[PDB]
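[1] Here goes the first bit of my complex:
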Amino acid sequence: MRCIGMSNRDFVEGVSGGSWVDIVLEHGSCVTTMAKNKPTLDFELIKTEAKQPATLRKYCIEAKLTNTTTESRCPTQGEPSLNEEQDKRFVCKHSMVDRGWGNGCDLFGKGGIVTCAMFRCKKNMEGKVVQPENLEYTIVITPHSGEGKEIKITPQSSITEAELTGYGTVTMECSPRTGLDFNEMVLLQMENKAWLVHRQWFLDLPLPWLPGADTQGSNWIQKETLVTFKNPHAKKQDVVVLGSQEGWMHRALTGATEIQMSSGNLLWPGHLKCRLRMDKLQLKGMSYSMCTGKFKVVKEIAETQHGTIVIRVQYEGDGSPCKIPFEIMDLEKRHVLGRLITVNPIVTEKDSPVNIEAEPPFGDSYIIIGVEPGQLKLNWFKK
């Protein structure tokens, strides 16, 4: 479930001296709002989507060499230039070797030689500069009824409305924060994890890179960082790559800042500070008859991780949509004790199970739910 049973959930209650109550919404946390005559709402931040990030530079971390050619000459015959020297998709190397009889040349001496190989990247990571203003926050408002409404907000339109399903409307004004010095900070993505590193530290990485505005994927820059030519023997210099740089990147990003994922969705850390105005909220119910008084416990008392207690029951009896007779009594039945979180428990159908939550006082307490013809008298010992 949500909110109830979430270790990171804060309660808040609007005073009777006005409205405009402040809440703090963060990812993985729920906020519970309530007041007298006002319905209880649950606010939760779902995802923080940073749409339209600007690709800054693309580095290659795993490449492969194919189409390796080699051409040699004899002493006093000129250098052996290859056509692949005029191709940015290739990397070449010149050298000189000893030439004479046993290798089939004119005379003795230093003969030139050239070896080229096609550079083709296989796996490559990316880096993007992210804009702070065009961020998007998804918030879910749920009426705490026990039987959600989404809203997208952005720093360029912090004011919004919320047409709840039969509960009225509530006004929101949020102000955000999500990091540190975003303009000169780059989100690095390895197509498996994500980090937030410095701009200068990212721009000067010793790897074959391509500019942001690029779709070629073959005219890289500084390919020699992943390509080394071995010592030439008879002819071919035996060019060789340097394997994969995935582990080097995973190890070099230790002192960075990683961002988890929810299968695609980036979990951006940060908190929204929001003002809520609930003066235009109505309670779904009120004008309802009382139920006949038969209730069967689907499952009885169970305290949450925030002092509040919850019971799930079913109406079963017939009496239309009606209000649940619910009272919190002493060890006897003197006065009413704890308050109610799920304000005005209603019933949509006799077969639909309904949960209810409330905060009891210390020690022994009674819960009277249902009229006498089938009254549920559930005792418990809080704390």
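    Nice, I can see it. Numbering: from 1, shown residues only, chains lettered A, B, ... in the order given.
[2] Run through the helices of chain A in chain order.
    Counting by DSSP state H, chain A has helices at residues A:199-203, A:246-252.
[3] Quick one: closest of the ones you listed to residue A:49.
    helix A:199-203 (22.3 Å; Cβ to Cβ). (C-beta placed from N, C-alpha, C; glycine too.)
[4] Packing partners of that closest one?
    Packing partners of helix A:199-203 (3 or more Cβ pairs under 8 Å, 6 or more residues apart in numbering; DSSP states H and E): strand A:54-72, strand A:185-189.
[5] so which of those strands is the most packed in?
    strand A:185-189 (a mean of 21; mean count of other Cβ atoms under 10 Å).
[6] got the CA positions of that strand in CSV?
    Taking C-alpha atoms only, strand A:185-189 is exported to CSV below (Å, rounded to 0.1, in the frame of the first residue of the first chain):
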residue,chain,number,x,y,z
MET,A,185,27.3,20.0,-14.3
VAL,A,186,26.8,17.1,-16.7
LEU,A,187,24.5,14.1,-16.3
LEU,A,188,26.6,11.1,-17.5
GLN,A,189,24.6,8.0,-18.8
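[7] and the angle for it with strand A:54-72?
    Here strand A:185-189 runs at an angle of 60 degrees relative to strand A:54-72 (axes from the mean of the first three to the mean of the last three Cα atoms, to 10 degrees).
[8] hang on, the earlier thing: now for the helices of chain A, which one comes closest to residue A:383?
    Among these, if distance is taken as Cβ to Cβ, the winner is helix A:246-252, at 48.2 Å.
[9] how about the strands in the stretch 51-200 of chain A?
    A:54-72, A:90-99, A:109-124, A:126-129, A:136-143, A:149-153, A:159-160, A:163-164, A:168-169, A:171-175, A:185-189, A:194-198 (DSSP state E, counting those that start in this stretch).
[10] Export the helices of chain A to TSV and append columns for mean neighbour count.
    Formatted as TSV, the helices of chain A follow (neighbours: other Cβ atoms under 10 Å):
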stretch	mean neighbour count
helix A:199-203	14
helix A:246-252	13
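[11] Skipping adjacent residues, who's closest to residue A:309 in space?
    residue A:303 (4.7 Å; Cβ to Cβ, 6 or more residues apart in numbering).
[12] I'd like the helices and strands packed on helix A:199-203 as TSV, with distance to residue A:137 appended.
    Converted to TSV, the helices and strands packed on helix A:199-203 look like this (distance: least, Cβ to Cβ, whole Å):
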stretch	distance to residue A:137
strand A:54-72	20
strand A:185-189	17
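[13] throw chain B on there as well:
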Amino acid sequence: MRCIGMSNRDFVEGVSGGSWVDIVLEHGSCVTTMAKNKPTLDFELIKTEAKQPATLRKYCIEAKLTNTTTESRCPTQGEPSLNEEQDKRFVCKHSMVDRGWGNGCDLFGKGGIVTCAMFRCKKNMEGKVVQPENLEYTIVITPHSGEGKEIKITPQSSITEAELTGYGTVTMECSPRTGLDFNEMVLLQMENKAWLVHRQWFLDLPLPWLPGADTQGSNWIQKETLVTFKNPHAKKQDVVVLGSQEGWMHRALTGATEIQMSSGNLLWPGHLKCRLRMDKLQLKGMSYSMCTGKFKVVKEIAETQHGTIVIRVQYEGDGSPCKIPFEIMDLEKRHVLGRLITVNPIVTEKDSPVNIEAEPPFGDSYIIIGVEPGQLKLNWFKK
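    Following on from the chains above, chain B is added here:
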């Protein structure tokens, strides 16, 4: 070809005041020995094989995780221990999550959870301590005839003999050197290249390692260096590797000392200082008649990279195995000028081509090869 036309070739001549001449044999270099009445020999170091190296430790650089299991519990139900915790081939992780209704548990609160995954290494490098005394050096001695004898030496048996094919025998005494502080130095092998690194720097590498005496390949030590558990959500913590560490190793070994290969054979740098005693060497020939005097130039004059000049000719004429009339004359035919490198050029067969090498003086010189009935009078301009 060899020796002739090798840019790293040194000449040496034994004086008439005894024998025991010193030479320096290194990989990729040839030594030319000669003297009056003594045949010319070519010494070359082929391979430096360090047989029987002692494996010290085996590190893994590319692993993969399979057989991932996960088990959870409810609050006040105990921790969920898995059977894979008692298996060194697995890596596990404990955690606690929020549990209540929507995830099917008893009540609310912190419920334990455990996730394990089988650690299986795919590609792994090795490190070996190498012994200096049990080194093996392969030397090739070739009689400079123009138409080789191998010997294996070790520091534990530096004295040897050389039964040349019809030239007598020569005595050798070599003393070696090949590096720096071998006892606390480890040869690192990645099954593609080889380095020589420090012992302490190698023993403390942050990678899953196994002791030297090991054939298991699955009960590694410190596997968590290549395994990280992501944040748990509903149940599985989503364990993930760190890719491949091949690039990290290839980059970290920059300030080391690399060793090239000749397809399997390690090219150990170093020089052997050898004493040669050639007093028991005879010249294959001497008691031979002179040829009739017909020679056709297979290919004429061509100077090497060490001042010496070479011509390849064929006998063609009939006259049994005979000695070649060969003289170096002035611009006229006054006196004999340059000496001869291929001492006493013989002939095995009239159809077998034969090379000849000699050093001429400055400027113009004549080469008289063959008796007058078909005499070859080849002029050239050295320097």
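[14] ok chain B is in now, so what about what packs on helix A:199-203?
    strand A:54-72, strand A:185-189 (3 or more Cβ pairs under 8 Å, 6 or more residues apart in numbering or on different chains; DSSP states H and E).
[15] Now do the buried residues in stretch A:36-43.
    The neighbour-count check on stretch A:36-43 (16 or more other Cβ atoms under 10 Å in any protein chain shown) flags A:38, A:39, A:40, A:41, A:42, A:43 as buried.
[16] Ok, stretch A:14-29 next?
    A:14, A:19, A:21, A:23, A:25, A:26, A:27, A:29.
[17] Those: which two are farthest apart?
    A:19 and A:27 (26.1 Å).
[18] and the stretch 201-350 of chain A, which residues reach chain B?
    With Cβ under 8 Å from any Cβ of the partner chain as the criterion, the stretch 201-350 of chain A comes near chain B at residues A:230-231, A:233, A:240, A:242-248, A:250-251, A:260, A:262, A:302-305, A:310, A:312.
[19] hmm, back to that, give me the subset of the buried residues of stretch A:14-29 lying in strands.
    Counting by DSSP state E, the buried residues of stretch A:14-29 place A:21, A:23, A:25, A:26 in strands.
[20] Could you pull up the contacting residues of the residue of chain A positioned farthest from its centre?
    The C-alpha centroid of chain A is most remote from residue A:107, which lies 70.1 Å away (Cα atoms, centre = their mean). Shown in contact with residue A:107 (Cβ atoms under 8 Å, 6 or more residues apart in numbering or on different chains): A:74, A:75, A:76, A:100, B:302, B:303.
[21] Same list (those residues) but as a markdown table, adding distance to residue B:370.
    Listed next are the contacts of residue A:107 as a markdown table, based on distance: Cβ to Cβ, whole Å:
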| residue | distance to residue B:370 |
| --- | --- |
| A:74 | 29 |
| A:75 | 29 |
| A:76 | 30 |
| A:100 | 25 |
| B:302 | 19 |
| B:303 | 21 |
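[22] In PyMOL, how would I select the buried members of those?
    In PyMOL syntax, the buried subset of the contacts of residue A:107 is picked out as below (16+ other Cβ under 10 Å):
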select buried, (chain A and resi 74+75+100) or (chain B and resi 302+303)
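[23] So which residue is smack in the middle of chain A?
    residue A:267 (2.3 Å).
[24] related to what we said a few turns ago, turn the ones in strands among the buried residues of stretch A:14-29 into CSV, including distance to chain B.
    Below are those laid out as CSV (distance: Cβ to the nearest Cβ, whole Å):
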residue, distance to chain B
A:21, 26
A:23, 21
A:25, 18
A:26, 15
